[PDB]
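# Model the structure of this input:
(chains A and B, ligands or ions: 7)
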Amino acid sequence: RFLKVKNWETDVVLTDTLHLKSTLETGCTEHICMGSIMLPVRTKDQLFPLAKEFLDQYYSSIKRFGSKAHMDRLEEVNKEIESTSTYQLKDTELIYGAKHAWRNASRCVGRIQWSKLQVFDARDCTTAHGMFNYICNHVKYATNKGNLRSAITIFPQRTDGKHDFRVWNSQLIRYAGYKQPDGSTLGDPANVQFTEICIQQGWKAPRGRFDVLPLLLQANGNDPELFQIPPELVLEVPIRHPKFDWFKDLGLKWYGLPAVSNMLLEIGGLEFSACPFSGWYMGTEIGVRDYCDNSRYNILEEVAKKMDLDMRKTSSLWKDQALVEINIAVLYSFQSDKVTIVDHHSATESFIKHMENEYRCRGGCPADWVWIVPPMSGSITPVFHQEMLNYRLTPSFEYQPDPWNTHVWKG
Amino acid sequence: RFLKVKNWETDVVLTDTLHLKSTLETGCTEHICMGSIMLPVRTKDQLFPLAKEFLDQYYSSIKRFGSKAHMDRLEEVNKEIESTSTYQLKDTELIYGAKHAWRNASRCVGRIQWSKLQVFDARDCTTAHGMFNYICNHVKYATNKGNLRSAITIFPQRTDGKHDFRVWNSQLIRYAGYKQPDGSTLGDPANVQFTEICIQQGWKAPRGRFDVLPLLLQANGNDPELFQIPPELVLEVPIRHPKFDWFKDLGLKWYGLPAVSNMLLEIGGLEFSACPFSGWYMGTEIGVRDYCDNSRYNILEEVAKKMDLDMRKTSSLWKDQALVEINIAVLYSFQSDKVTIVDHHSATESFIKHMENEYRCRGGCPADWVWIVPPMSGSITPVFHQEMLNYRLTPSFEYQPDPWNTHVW
Ligand code: HEM
Ligand code: HEM
Ligand SMILES: Cc1cc(N)nc2cc(-c3cccc(CN)c3)ccc12
Ligand SMILES: Cc1cc(N)nc2cc(-c3cccc(CN)c3)ccc12
Ligand SMILES: C[C@H](O)[C@H](O)[C@H]1CNc2nc(N)[nH]c(=O)c2N1
Ligand SMILES: C[C@H](O)[C@H](O)[C@H]1CNc2nc(N)[nH]c(=O)c2N1
Ligand SMILES: [Zn+2]
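Residues are numbered from 1 along each chain as shown, chains lettered A, B, ... in the order given. Ligands and ions are numbered 1, 2, ... in the order given. Here you go:
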């Protein structure tokens, strides 16, 4: 069965046959759309079908479907599952898996780059210290002195769920958030809960507005451990504005490497609960959400005041004005420092091309409009007028609960 | 299955039970979300359950559920259907139905005003001339000298689909769009085809940029007829900037009255194919969309030019910067001329409050995040961080094929 999408700006129509390869669920029914809901111990019984399905895909990609290489591998994985109740991925399989997880990530506007992922196999890792080492090397390789490279580091898969590897940080690099007694927050309000855990685990907090958080790392289901990323490895960019000289004086800076570390990579039924991945920022991620969200740094007012804007009535659109300037600054700062960044116009344009290419050579592209459209200036980017189909494919990146809610403490 | 929705900016959690009443379908499945798809004659037997459902909710709303009055009406409507193969709404049911179609319009951010709708019963209308009269009265009432008032005018219901009443215009008031020989487009590009149908029907185009289109009204499924709205009933706002003097020299204005006229209102199974309805603009509808969309006025570049912005790279965000100025101007102009308008911050804030109210007194509120989020400055408006459930309630407004595709000419 065919399914069609239309770009209402360009009248381009595309046909999705790939959605038929969709196994998982969306959360939607024929009577309800959960399209804007943020978030809507595995046995051998259901594992070999998930395995066979991955392997069939894999050997399809390398044009070896039904080959003896394919059949032997199936057999090999089978016997390993019925015997060991799990199985191991070959290096080739793991690399394929990681890339396609990204390719399948329907909420990711940056997926034009998916084929060029640097996959670091950390499956031999056994301790937090070993995790720390793998992560430093990720950060150094990915950062590349400001010339960012996509990378992911994959730690051992979950086994009985009692011996999980986890990076407790939501991102490898993020700034601390401190709740002051007076209710105000110093630092990043997003990170207050995690900051408190760190401090409790014995982190000595400098208590500044831009303190890089320590890595909190859990190996083999053991209590997590604190590590300080070496500062020379953390590339940061002071934020200034090209026309507004007082902007530097707001004292803002941001780190260069977006590296997400709390999601779960699923490949052929295997769950990799620690799998930090990194790319480079779209400017609005910092300038709109990080700085201007009401529940974050919320410097909109500060910027608006220094712009001497009419902050009395909202109909002056002073919020809108300040927001644009702040995003102008983020881009400007990053570009001046030769630190890789992409603006939301370039990135949405790229994604549209990616998406078309994907419909043509893959039969579709899962995409979550709610998430793909930029958090500012939506309709003047080309994805706003673009119809999209959302559906779940595997391999995939999944959400998982914060470890401090599920972890059994050793002591 | 008594679903929850979280606001991630406030942690407010609302419990939706209203969705379980939903009748129609979303277009989604467990395997695919179609939440970003623009667009996913009844028998004797289809019609009566539809009627009963409507009447049940009507008599529940007036706290006379299961009453003599209720049962009588149910009986009365039932009999009228069995014999006449349709039925007629009581005035009181007509008003309720209309008000609730707007209430249930999941894509509408302006629904906090839903119960203050002025309903105009035009079910006695028989001709296009009559339609023109009803529509002129609607426009004059709704406009109210700049102090806009919500209204709907309801023309006779469908019968056998051969005698449909239809307003061929998408909106009562819209600027013409002309295809220049050199290639591009003069006026309003969205209105290019309709502008031609009008000419192709005998309209004499002034071929200016802001030519108010004529009405093309169709009564009882006859050939449609051209009528010109008296210019004095069409309130327009000249667009100037509070800061930039050169702005007025762009020569821009917009009309005050948004009045959508191509949708179908469904109540208790009956189909009102002609039901123009109107309120007042959210600023972005004009400034973000009507002015700056590529397939529209696309004046962005021109504005940015006069602003002397670096239009060389996208990363200067000149489009964004200009976009914001244009929208400051629209609001400034409308407010200056005392023509009702709401900014996208105010309206979204109102909608959250409306959501609050609906979960509290109704148990929920169907909403389409994709359309409720304003086309600019999304995440700094409160609806962005607001989870919303989308489902189809009735009575409702629905899309319908453009008449020229259908009409037996
Ligand atoms: C290299 C340039 C990249 C850019 C510019 C980019 C951009 C983005 C943006 C803007 C979002 C929306 C998140 C938000 O706004 O809060 C997103 C989501 C996401 N990205 Fe990408 N990304 C890039 C690379 C990657 C890589 C390398 C991976 C993994 C290998 C990845 C995986 C994901 C996933 C899984 C999500 C959504 C998570 C979910 O489903 O909730 N991205 N990306
Ligand atoms: C009074 C002030 C009102 C405001 C500010 C308002 C605002 C809006 C906006 C911004 C949209 C998005 C459409 C677009 O962006 O092109 C919309 C859609 C819509 N409006 Fe409202 N509106 C108002 C009154 C009304 C009234 C009086 C009705 C009918 C009685 C109505 C019915 C609808 C419907 C049915 C849709 C979407 C149709 C669909 O579901 O596809 N609105 N409105
Ligand atoms: C790799 C990469 C690059 C980039 N530029 N942005 C990203 C954003 C996410 C993300 C996913 C879900 C929720 C959130 C909320 N902070 C962020 C994941 C990976 C990303
Ligand atoms: C009454 C009212 C006031 C207002 N301010 N905006 C409105 C927008 C629509 C609308 C609905 C679907 C599609 C489109 C695209 N032309 C527009 C309908 C009624 C409206
Ligand atoms: C493709 C997409 O669904 C389409 O452009 C929609 C998206 N959201 C919208 N939202 C509003 N308010 N108005 C619109 O016309 C649209 N267009
Ligand atoms: C409630 C809503 O689903 C939530 O705020 C989503 C909406 N769309 C988003 N889109 C992006 N890119 N990033 C986000 O964090 C969100 N948040
Ligand atoms: Zn859906």
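# can we go C-alpha only for contacts and neighbour counts from here?
Will do.
# ok, the residue nearest to residue A:34 when sequence neighbours are not counted - contacts?
Excluding the flanking residues, the one nearest residue A:34 by Cα to Cα, 6 or more residues apart in numbering or on different chains is residue A:28, at 5.3 Å. Remark: with contacts taken as Cα atoms under 8 Å, 6 or more residues apart in numbering or on different chains, residue A:28 is in contact with A:34, A:35, B:28, B:29, B:30, B:31, B:32, B:33.
# number of nearby residues for the second one?
Translated: residue A:35. 29 (other Cα atoms under 10 Å in any protein chain shown).
# Okay, and it sits in which element?
Secondary structure assignment for residue A:35, by DSSP states H and E: no helix or strand.
# For it, list the residues it contacts.
Applying Cα under 8 Å, 6+ apart as the definition, the contact partners of residue A:35 turn out to be A:28, A:368, A:370, B:33, B:35, B:389.
# now do 7 Å
By Cα atoms under 7 Å, 6 or more residues apart in numbering or on different chains, the contact list for residue A:35 reads B:33, B:35.
# re the thing from before, give me the three-state assignment for the residue nearest to residue A:34.
When the structure is reduced to helix, strand and coil (DSSP: H, G, I helix; E, B strand; the rest coil), residue A:28 reads as coil.
# Residue A:266 - that's part of a strand, no?
Yes - counting by three-state DSSP, residue A:266 is located in a strand.
# unless I'm mixing things up, it is touching residue A:272, no?
Yes - the pair residue A:266 and residue A:272 qualifies as a contact (Cα atoms under 7 Å) at a distance of 6.3 Å.
# So for those two, which sits in the more crowded spot?
When residue A:266 and residue A:272 are compared for neighbours, residue A:272 comes out ahead with 23 against 19, by other Cα under 10 Å.
# Nearest residue to the more buried one in space, please, no chain neighbours.
Nearest non-adjacent residue to residue A:272 (Cα to Cα, 6+ apart): residue A:157, at 4.4 Å.
# what's the answer for residue A:317, then?
Spatial nearest neighbour of residue A:317, excluding adjacent residues (Cα to Cα, 6+ apart): residue B:328 at 6.2 Å.
# Surely residue A:369 touches residue A:388?
Yes - with contacts defined as Cα under 7 Å, residue A:369 counts as touching residue A:388 at a distance of 6.3 Å.
# show me where the stretch 1-150 of chain A has strands.
For the stretch 1-150 of chain A, the strands defined by DSSP state E, counting those that start in this stretch cover A:4-6, A:13-15, A:118-121.
# Compare residue A:369 and residue A:388 (neighbour count), which wins?
residue A:388 (30 against 27).
# just checking, the more buried one touches residue A:7?
No - counting by Cα under 7 Å, residue A:388 stays clear of residue A:7, with 9.0 Å between them.
# In contact with residue A:255, which residues?
A:235, A:236, A:237.
# May I have the beta-bridge partners of the last one?
For residue A:237, the beta-bridge partners under DSSP bridges are residue A:254.
# How many residues are close by it?
19.
# Please look at residue A:114 and residue A:104 and confirm they touch.
No - counting by Cα under 7 Å, residue A:104 is not a contact partner of residue A:114; they are 9.3 Å apart.
# more neighbours, these two?
residue A:104 (21 against 18).
# The more buried one and ligand 7, how far apart?
The gap separating residue A:104 from ligand 7 is 18 Å, by Cα to the ion, to the nearest Å.
# cool, and residue A:342?
Relative to ligand 7, and taking Cα to the ion, residue A:342 is found at 30 Å.
# List phi and psi for that residue.
Note on residue A:342: backbone dihedrals following degrees, to the nearest 10 are phi -130, psi 140.
# Any idea what it is bridged to?
residue A:282.
# got the contact list for it?
Contacts for residue A:342 (Cα under 7 Å, 6+ apart) come out as A:281, A:282, A:283.
# same thing with residue A:156?
A:122, A:123, A:165, A:272.
# what about 10 Å?
By Cα atoms under 10 Å, 6 or more residues apart in numbering or on different chains, residue A:156 lies in contact with A:88, A:121-126, A:163-166, A:219-220, A:271-275.
# What subset of these is buried?
In the contacts of residue A:156, burial by neighbour count holds for A:121-122, A:125, A:164-166, A:219-220, A:271-275, counting by 16 or more other Cα atoms under 10 Å in any protein chain shown.
# Count residues in the vicinity of the residue in the stretch 151-300 of chain A that ligand 3 sits nearest to, would you?
Ranked by Cα to the nearest ligand atom, the top residue of the stretch 151-300 of chain A for proximity to ligand 3 is residue A:281, at 3.8 Å. Residue A:281 is flanked by 23 other residues according to other Cα under 10 Å.
# ok, it touching residue A:341?
Yes - counting by Cα atoms under 10 Å, residue A:281 sits close enough to residue A:341 to count as a contact (5.3 Å).
# Now list whatever residues contact both of those two.
Counting by Cα under 10 Å, 6+ apart, the common neighbours of residue A:281 and residue A:341 are A:148, A:256, A:257, A:331, A:334.
# Report the contact partners of the residue nearest the centre of chain A.
Nearest to the mean C-alpha position of chain A, counting by Cα atoms, centre = their mean, stands residue A:260 at 4.7 Å. For residue A:260, the set of contacting residues under the criterion of Cα under 10 Å, 6+ apart consists of A:152, A:167, A:169-174, A:275-279.
# got TSV for those residues, with secondary structure too?
Formatted as TSV, these follow (three-state DSSP):
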residue	secondary structure
A:152	strand
A:167	strand
A:169	coil
A:170	coil
A:171	strand
A:172	coil
A:173	coil
A:174	coil
A:275	coil
A:276	coil
A:277	strand
A:278	strand
A:279	coil
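# Make sure residue A:111 is actually in contact with residue A:280.
No - taking Cα under 10 Å as the contact criterion, residue A:111 and residue A:280 are not neighbours in contact, 11.7 Å apart.
# Please, where are all the helices along the stretch 1-150 of chain A?
All helices of the stretch 1-150 of chain A, identified by DSSP state H, counting those that start in this stretch, fall at A:44-61, A:68-84, A:91-103, A:128-143.
# so can I have CSV of those showing mean neighbour count?
Output for the helices of the stretch 1-150 of chain A, formatted as CSV (neighbours: other Cα atoms under 10 Å in any protein chain shown):
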stretch, mean neighbour count
helix A:44-61, 17
helix A:68-84, 15
helix A:91-103, 19
helix A:128-143, 20
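# how about those helices, which one is nearest ligand 6?
The minimum distance between ligand 6 and these falls on helix A:91-103, with 15.4 Å, by Cα to the nearest ligand atom.
# is the closest one up against ligand 3 anywhere?
No - residues of helix A:91-103 are not located near ligand 3 by Cα under 6 Å from any ligand atom, the shortest gap being 8.8 Å.
# Could you confirm residue A:358 falls within a helix?
Yes - residue state for residue A:358 (three-state DSSP) corresponds to a helix.
# That one - how many residues pack around it?
Applying other Cα under 10 Å, we find 18 residues neighbouring residue A:358.
# Verify the stated contact: residue A:202 with residue A:226.
Yes - the pair residue A:202 and residue A:226 qualifies as a contact (Cα under 10 Å) at a distance of 7.9 Å.
# And these two? Which one has more around it.
With neighbours defined as other Cα under 10 Å, residue A:202 and residue A:226 compare such that residue A:226 has more, 19 against 11.
# Got the phi and psi for that one?
Given degrees, to the nearest 10, the pair of backbone angles that residue A:226 has is phi -80, psi 140.
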